[PDB]
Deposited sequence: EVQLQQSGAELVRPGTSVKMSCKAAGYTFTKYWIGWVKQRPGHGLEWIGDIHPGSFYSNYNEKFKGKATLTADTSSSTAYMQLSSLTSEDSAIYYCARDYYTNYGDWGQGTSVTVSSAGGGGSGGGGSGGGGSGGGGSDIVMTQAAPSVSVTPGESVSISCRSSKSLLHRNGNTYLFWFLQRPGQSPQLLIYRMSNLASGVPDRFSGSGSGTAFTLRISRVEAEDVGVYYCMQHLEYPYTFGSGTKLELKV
């Protein structure tokens, strides 16, 4: 099995730097991109950048150019992220995730750090929450500011569930495809600019925050999330 095992929580002061690690196992480290994602309370999920440990080439969200530095050590199969000039804005949980042919299907457990673009695709989720009773079905909407349809015929829209106290998990990839290990109570549809996650027969394990995300073009972007809770 793929494993991504991140370093421990950090309690740090403003104006300092921190460097965190993401130890990979269970696959060929130098074959796949590793992405990094920031989870800051009230700010959903935010994509920082990615690195290919084979080439060492990194790509950054412009918002993090001069904040975050991604590196990799092929001897220890470890990816690193260093943050400089720490501020309260940097207090967050940070995840590494393996990119499997555009699917962020494997996630680290996160590292908590406590500090004591106009052309970017905007992903919107109109409902902050959905409140349901077990056994009900539910629909969750998302919209993208431009078509997510690629020349290859795929639509690069993804749905994730982040259960309480857990890392995000991939549910639906390329608009409609069901991810491995996910029950077929989950399904996805869309028009290329508007999308719907449908969940039949909701159960307690479905509680958490649902995010849409685009992986069409850098920087990758997430919707604001829709929290599902039981009445």
property	result
Deposited positions lacking CA coordinates	117 to 135, 251
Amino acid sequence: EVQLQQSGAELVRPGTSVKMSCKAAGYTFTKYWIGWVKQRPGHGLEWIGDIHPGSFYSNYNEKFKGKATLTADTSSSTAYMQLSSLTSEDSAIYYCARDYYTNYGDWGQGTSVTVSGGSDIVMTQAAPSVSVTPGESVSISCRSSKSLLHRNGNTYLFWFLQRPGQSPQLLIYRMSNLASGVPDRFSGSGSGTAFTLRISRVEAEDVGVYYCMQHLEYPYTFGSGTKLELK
From here on, numbers count along this sequence of modelled residues.
| item | value |
| --- | --- |
| Of 101 to 109 and 128 to 136, the one with larger mean CA B-factor | 128 to 136 |
| 118 to 126 versus 138 to 146 - which carries the larger mean C-alpha B factor in the record | 118 to 126 |
| Out of 180, 189, 169, 39, highest CA B-factor residue | 180 |
| Candidate set 58, 61, 196, 176 [ranked by C-alpha B-factor, highest] | 58 |
| Modelled-residue ranking by C-alpha temperature factor, third containing residue 27 | highest |
| Third assignment of residue 19 from its chain's C-alpha B-factors | middle |
| Ranked against its chain, the third holding the CA B-factor of residue 12 | highest |
| CA B-factor placement of residue 152, once the chain's modelled residues are sorted into thirds | middle |
| Chain thirds of CA B-factor: placement of residue 87 | lowest |
